[PDB]
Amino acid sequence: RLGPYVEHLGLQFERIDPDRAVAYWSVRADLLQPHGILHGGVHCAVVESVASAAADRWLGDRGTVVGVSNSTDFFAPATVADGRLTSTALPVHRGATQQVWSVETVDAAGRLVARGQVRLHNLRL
């Protein structure tokens, strides 16, 4: 119900509020880059997905949000062995025309694996 690429990423949303969105997912064989770790683009795509879900839910019927930019740091290699990742988008700024959200991706232990900042534009009715 969130689009076909989000389905392919395997994201499962636990919460989508106007102030927070949370999704679980896992590293998979088809999501890896040649040396057995998660392709970095997957981290960016998950950050984009989780922040966009939250931004959309915050704007509500007032308009539609369009991605502007995405800056993601990869802090640790993620593999299939690492189990279930949790990505949490938190608001940084939510105004008339712009939103910025911060998305942290952590493992079961709370180790920060990746983190991204997502700027989106509000297309208001």
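Sequential numbering from 1, following the sequence displayed.
Asker: Which is higher in the entry, the mean Cα B factor of 27 to 35 or that of 65 to 73?
Answerer: Per the PDB entry, the higher value belongs to 27 to 35.
Asker: Between 88 to 96 and 56 to 64, point out the one with the higher average CA B-factor as the PDB entry records it.
Answerer: Looking at the recorded C-alpha B-factors, 56 to 64 comes out higher on average.
Asker: Sort the modelled residues of this chain by their C-alpha B factor and say whether residue 119 lands in the lowest, middle or highest third.
Answerer: Answer is lowest: the recorded C-alpha B-factor places it there.
Asker: Can you work out whether the C-alpha temperature factor of residue 108 puts it in the lowest, middle or highest third of the chain?
Answerer: CA B-factor rank for residue 108: highest third.
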